[PDB]
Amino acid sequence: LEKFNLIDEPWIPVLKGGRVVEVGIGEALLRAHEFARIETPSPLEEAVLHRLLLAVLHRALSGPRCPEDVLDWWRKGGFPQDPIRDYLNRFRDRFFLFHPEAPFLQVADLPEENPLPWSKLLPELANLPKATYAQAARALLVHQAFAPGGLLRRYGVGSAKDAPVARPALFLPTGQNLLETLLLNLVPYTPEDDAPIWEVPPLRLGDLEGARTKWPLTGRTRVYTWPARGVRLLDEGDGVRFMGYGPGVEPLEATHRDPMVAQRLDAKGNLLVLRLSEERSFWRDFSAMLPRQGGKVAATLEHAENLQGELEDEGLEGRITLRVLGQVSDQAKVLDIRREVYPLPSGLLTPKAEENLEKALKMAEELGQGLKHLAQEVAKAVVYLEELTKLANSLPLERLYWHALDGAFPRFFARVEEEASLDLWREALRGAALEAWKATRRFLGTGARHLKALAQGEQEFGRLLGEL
């Protein structure tokens, strides 16, 4: 009845001594330094597991109030243990996956009748097995953070809203062990006016039907642990197949921006979240998220960058990277789920580095626009408005330019501080363009009808390279 406490049971997959083991929240926190990282094939799982741990840390430590505190914990090789133990002991009865009164992130009195398969908790890209408790716990957490809005038609609610991070790309700086990673994401915090889901009374069906409960979407840990859907996992005895399901605390608009989320301006000066895109390389938005461009850097990245500087002034230099986690989405559809890894350059947020990044990205965009135009002129020379489309799209020119730069970007990015770095980039731009046009020649060189386009294109491509 009372079963499977997330503080003590193995459900969090972490890499330890080269193998994947599963731990509970207590061990993950108190012994963070022992694990290389949270290790899962799912980038959504990785994102939410860190956000849950961070929620717990922020509340248990009532901070960190200052970056200096994070540095201390870095130096000591661990978090304060007693505050964490005390907090976990106080809220332990709220961390049972199954519970007659307060099951974790669930609604105790959702009816068991006419349930949905637990598979609904999982992303559907573009019979039914029994989940273990650990897998149901993880699927629950993912669903509460990433469920896209859409049709619901249950308990008086026609359609549900987006869970809090359904859309944006999440910035997760990463260190050499789980302790470092948590520290790199522990942005200075004060507890006032915030509370995670387990610090407030359990939700009941009567509060959720017709969407009666509406909360402003604010408060760091309230947002990290947002109850986006009503869920009640049903215990088969040693696993889960089905769940009660309904709304949904309604998100009300607020000024709060999630620490892992970055923003940019659109052409009209509206602020939009950075978002993973189906075909557009993500790093292409890295200069637009900068304030100098009207954008906003993710707080985790601002904090990690600052921490990285302070560790440098102490000779405590460590190996720090940037993971980007999120969904590629389209309304109620989840097209894809992605994990991206980038270096996290030491001086990234200085004026010179920012200046270099701005230029590097601008060159790459101008050339890519020249290439796109070239591809359009080739297609037209060859050839109904449907015919052109397939043709230009089928040409390997733009795809290969950008694909080549995806490989070149990390090398440049790691050196964004150095003046020399633009030159490396220009070299990479040249090779990317040359490599991509070579491949288009190869394509154009096989048909007699392709030859006019080819002669014209080679000349235009010559123009483009010159200006570089």
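Numbering starts at 1 and runs along the sequence shown.
Engineer: Our gap detector needs a label for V383 to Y384. Which class matches the unmodelled residues of the deposited sequence there: none, 1 to 3, 4 to 9, or 10 or more?
Structural biologist: Per the record, 10 or more deposited residues are absent between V383 and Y384.
Engineer: In this entry, is the chain continuous from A126 to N127, or are deposited residues missing in between (none, 1 to 3, 4 to 9, 10 or more)?
Structural biologist: According to the record, 10 or more deposited residues lack coordinates from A126 to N127.
Engineer: Tell me which stretch has the larger mean Cα B-factor in this entry, 316-324 or 88-96.
Structural biologist: The recorded data point to 316-324.
Engineer: With respect to the recorded C-alpha B factors, which stretch has the higher mean value, 240-248 or 223-231?
Structural biologist: Mean C-alpha B-factor is greater for 240-248.
Engineer: Highest CA temperature factor in the entry: which of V107, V341, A332, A134?
Structural biologist: Within the set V107, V341, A332, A134, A332 shows the top C-alpha B-factor.
Engineer: Using the temperature factors in the entry, find which of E209, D72, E199, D162 has the highest value at its Cα atom.
Structural biologist: Highest CA B-factor of the listed options: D72.
Engineer: C-alpha B factor of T300, ranked within the chain: lowest, middle or highest third?
Structural biologist: As the PDB entry reports it, the C-alpha B-factor of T300 lands in the lowest third of its chain.
Engineer: Among the modelled residues of its chain, does the C-alpha B-factor of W425 lie in the lowest, middle or highest third?
Structural biologist: Within its chain, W425 is a highest-third residue by C-alpha B-factor, going by the deposited values.
Engineer: Using the B-factors in the PDB entry, rank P67's C-alpha atom against the chain and give the third, lowest, middle or highest.
Structural biologist: It falls in the middle third of the chain.
Engineer: Tell me, lowest, middle or highest third: where does the Cα B factor of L272 rank within its chain?
Structural biologist: Its C-alpha B-factor belongs to the middle third of this chain's values.
Engineer: With respect to C-alpha B-factor, does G24 fall in the lowest, middle or highest third of the chain as deposited?
Structural biologist: CA B-factor rank for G24: lowest third.
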